[PDB]
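Number of protein chains: 2
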Amino acid sequence: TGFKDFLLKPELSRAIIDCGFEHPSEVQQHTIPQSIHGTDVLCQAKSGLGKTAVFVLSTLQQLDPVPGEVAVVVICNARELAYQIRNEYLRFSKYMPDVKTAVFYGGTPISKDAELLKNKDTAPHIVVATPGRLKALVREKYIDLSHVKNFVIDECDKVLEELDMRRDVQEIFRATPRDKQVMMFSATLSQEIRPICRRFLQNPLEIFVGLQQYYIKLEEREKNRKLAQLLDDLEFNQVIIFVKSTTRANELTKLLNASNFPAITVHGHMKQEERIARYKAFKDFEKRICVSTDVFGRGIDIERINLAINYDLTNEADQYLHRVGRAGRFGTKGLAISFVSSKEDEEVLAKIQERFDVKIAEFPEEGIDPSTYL
Amino acid sequence: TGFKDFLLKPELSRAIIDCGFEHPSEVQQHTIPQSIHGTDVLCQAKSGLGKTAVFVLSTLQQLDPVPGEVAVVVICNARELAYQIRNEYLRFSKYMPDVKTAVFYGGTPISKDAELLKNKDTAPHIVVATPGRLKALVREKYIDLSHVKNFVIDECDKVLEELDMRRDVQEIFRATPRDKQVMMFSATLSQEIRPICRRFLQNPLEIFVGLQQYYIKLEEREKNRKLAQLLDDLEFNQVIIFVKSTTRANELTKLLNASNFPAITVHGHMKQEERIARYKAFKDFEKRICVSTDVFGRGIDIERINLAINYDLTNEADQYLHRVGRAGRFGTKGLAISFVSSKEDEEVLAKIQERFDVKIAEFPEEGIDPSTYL
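Order-wise, the sequence lines are chains E and X. Okay, so the first sequence: first residue is 322 according to this note's numbering, each after it adds one. Okay, so the second sequence: first residue is 322 according to this note's numbering, each after it adds one.
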């Protein structure tokens, strides 16, 4: 239990242990201890290495709940991301009954958010939101932000370069006390956006920047039968299958369900009500197979994924490393298999091995030992 | 026939007259005459003011076809845009039987492009392509670019800032003679991309930078019957109907098709194979009605749209001006009608009129004269 060295509340440490966390990532070791003191944070870390837990655990530790009073505000760029972030607040405030959280975004009647804000059972101490609706709550005085002590902007580079989101965020930022902690996070903080960020911070802490791999050389007409055989022989907990288009995702998923391989699919061109519903179905282990485009190529963390299959290879090596990264989370065991069915699959597979030193061996025809990836 | 003052081939001028062109836009007046001489061009012009006709008519005038020899190469960033550009070459080479053109992009077997390149009926003098596939044609020597005299990069700022496209484009650019004409076009040429552009030019010519509005105050349950009546009484060529959500787009479009109002819909939550298929169906006048979210609120240019209906009003005035801008393209006649069904429709309609000086009159109960918008 490495997080207990941060000297956090016993309710926090207990919830962190129920979430499977045992070793803090490097961004959390470099940010959490000094963020607890209320120091402003401008943080950059690579995709999926745990920036959410930084400001979630930090604000939850500084929080002392005052009833009916919003103390923490978190801003992101997308509605489902806000829903995801609020669900992380719920899981770490598991054993803090006094804490109440709410999320707000467009697409829902704003009158119901007003009622939820006044109710004594739902009056939130922590508010996650998208800039548009939260501004529509500040300006119609459905919410009071005169007591905010923690102001968080996630994906701050996108929030502050899009100018309609910047106006809303700055309107929200001017309803808060000036003597608050401000924290910003993004995997990409270019030299051109950092000066814009600094106009919200005051002397901030600035942080800047087991997987077995095989390939199979085959033809496109042989992918369906070889994949079905792979899923019958390999012993996996959950598998993610990456495809290069949405049409190939839906058609492959339809053939998997027809062949007694229960699978779901997530991609663009789909209603977000449906994208999230299947995301939760796969995340909560109702089906062991997920076919998706690069919409799940980065960041997604599902601990039961120990098999990633590149049904279609990527154009460049960087996306490949993020794809196979979905398996073997937190240095656990995993297995990655890529299909090489054309000329660029061979040059991109050729360009992956010099970049990372990995010899992506050809999948042996006799198969592999289950112990070598379990 | 203003284009005849450029002193172009009689076959070109004749095809230009069949395309309805009669007056050159300012970008074409400032670029075409000096581009005909083979002078390098770095051109910036606003969206939709005719940059395609600049390099299309210019290369077609300089072209003297040599059989089996590629003389002109055009690079864009998207596959459908390449298909669109090649179709513009077809329409202006209408009366030039010697000219042959081809387009190449991913998603198709590359062996068939090789066969099309060798065939004496299809060996192209002008090649439009996306950087990925054209590089895969140069490096496997399916195409010969040792004779290119005109090299065009459309949307050059996107082609050269994305680095996988820059590598491919520079690999293609090194298979061409160095003493060729190079032309680049984009609506956005920031100060940061122009030095990168100049490394391909040599002393280039550098060019840098009627709507009737009404509203109807009604209730939400009355929108369907009032819209159906509006589409039966008003005389429009094509109509765009803007909705605030994707669920309301699909349900409204389904009711329109049931009531003998053939319509299509484009929005998020949809497979992009399907989004584009309906975009082309509406753009090519197969159905006169399109229901969409703000995915078509900006930029989209369809000349037959003379009626825009705000079935759901926007949150802020800026998006309203872009929405109604889809009708009456290039200063032609148009008609805009917005539904006011709640309190903010009234304050946002209130805030539109001070910003733009327009008195958006209430739609008269007796209807409006067809002459006032035709």
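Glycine included, each C-beta is placed from N, C-alpha and C at the ideal position.
Rounded to a whole number of angstroms, what is the C-alpha to C-alpha distance between residue i and residue j?
i                   : j                   : result
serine 663/X        : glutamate 540/X     : 7 Å
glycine 655/X       : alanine 450/E       : 39 Å
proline 354/E       : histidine 446/E     : 22 Å
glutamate 595/E     : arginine 335/X      : 52 Å
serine 659/X        : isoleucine 610/X    : 16 Å
residue 702/X       : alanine 598/X       : Here chain X covers residues 322 to 695 and nothing more, so residue 702/X does not appear.
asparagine 631/E    : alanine 629/X       : 45 Å
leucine 328/X       : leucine 384/X       : 15 Å
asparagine 636/X    : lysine 544/X        : 19 Å
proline 331/X       : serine 414/X        : 11 Å
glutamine 382/X     : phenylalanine 677/E : 50 Å
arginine 495/X      : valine 348/E        : 43 Å
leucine 576/E       : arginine 647/E      : 23 Å
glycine 652/E       : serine 346/E        : 11 Å
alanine 570/E       : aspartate 361/X     : 44 Å
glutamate 343/E     : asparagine 471/E    : 26 Å
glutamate 461/X     : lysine 433/X        : 13 Å
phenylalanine 324/X : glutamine 533/X     : 32 Å
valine 420/E        : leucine 481/E       : 29 Å
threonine 693/X     : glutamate 436/X     : 55 Å
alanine 657/X       : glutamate 476/E     : 37 Å
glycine 371/E       : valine 459/E        : 30 Å
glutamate 607/X     : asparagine 578/X    : 14 Å
residue 700/X       : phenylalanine 506/E : Residue 700/X falls outside the range modelled here, since chain X spans only 322 to 695, and no answer is possible.
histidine 468/E     : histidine 358/E     : 18 Å
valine 560/E        : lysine 547/X        : 51 Å
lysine 441/X        : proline 386/X       : 13 Å
Quick one, are the C-beta atoms of residue i and residue j less than 8 Å apart?
i                : j                : result
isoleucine 474/E : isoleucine 396/E : yes
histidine 590/X  : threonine 567/X  : yes
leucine 378/X    : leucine 438/X    : no
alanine 423/X    : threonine 443/X  : yes
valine 661/E     : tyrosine 463/E   : no
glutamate 675/X  : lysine 538/X     : no
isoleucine 493/X : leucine 510/X    : no
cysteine 340/X   : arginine 412/X   : yes
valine 448/E     : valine 375/E     : no
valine 490/X     : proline 452/X    : yes
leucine 363/E    : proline 516/E    : no
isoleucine 673/X : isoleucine 681/X : yes
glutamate 409/X  : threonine 373/X  : yes
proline 685/E    : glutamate 556/E  : no
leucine 634/X    : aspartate 666/X  : yes
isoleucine 514/X : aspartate 478/X  : yes
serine 356/E     : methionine 486/E : no
residue 314/X    : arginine 454/X   : As shown, chain X starts at 322 and ends at 695. That puts residue 314/X outside it, with no answer to give.
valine 679/X     : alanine 638/X    : no
Which residues in chain X have a C-beta closer than 9 Å to the C-beta of residue i? List them in chain order.
i               : result
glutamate 483/E : Going along chain X, no residue has its Cβ under 9 Å from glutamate 483/E, so there is no contact; the nearest lies around 13 Å.
Could you name the residues of chain E that residue i contacts, counting a contact when the two beta carbons are closer than 7 Å?
i              : result
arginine 400/X : Those do not exist, as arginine 400/X stays about 12 Å from chain E at its closest Cβ, beyond 7 Å.
Taking residue i as the query, report the chain E residues whose CB atoms sit under 9 Å from its CB, ordered along the chain.
i               : result
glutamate 436/X : Within chain E, no residue comes near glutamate 436/X; the closest Cβ sits about 17 Å away, beyond 9 Å.
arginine 609/X  : Under the 9 Å cutoff, chain E gives no residues; its nearest Cβ is about 24 Å from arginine 609/X.
Residues of chain X with CB closer than 7 Å to the CB of residue i, please, in chain order.
i            : result
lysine 592/E : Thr567, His590
For residue i, return the contacting residues in chain E, with the cut-off set at a CB-CB distance below 8 Å.
i               : result
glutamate 595/X : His590
Just the chain X side, please: which residues come within less than 8 Å of residue i by C-beta, in chain order?
i               : result
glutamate 637/E : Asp485
residue 700/E   : This structure does not reach residue 700/E, given that chain E is present from 322 up to 695, and the question cannot be answered.
Task: Stretch pair the segment 613-623 of chain X + the segment 497-517 of chain X: three plus CB contacts closer than 8 Å - done: no
Task: Residues within the segment 549-582 of chain E neighbouring chain X, beta-carbon criterion of under 8 Å - done: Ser566, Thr567, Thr568, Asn571
Open item on the list: Can you confirm whether the segment 358-371 of chain E touches the segment 385-404 of chain E when touching is taken to mean that 3 or more C-beta pairs between the two stretches lie within less than 8 Å?
Closed with: no
TODO: Could you say if the segment 548-565 of chain E and the segment 603-617 of chain E meet the contact criterion of at least three C-beta pairs nearer than 8 Å?
DONE: yes
Open item on the list: Quick check: the segment 550-560 of chain X against the segment 507-526 of chain X, are at least 3 beta-carbon pairs closer than 8 Å?
Closed with: no
TODO: Scan the segment 335-362 of chain X for residues whose Cβ lies nearer than 8 Å to a Cβ of chain E and list them as they occur along the chain.
DONE: none
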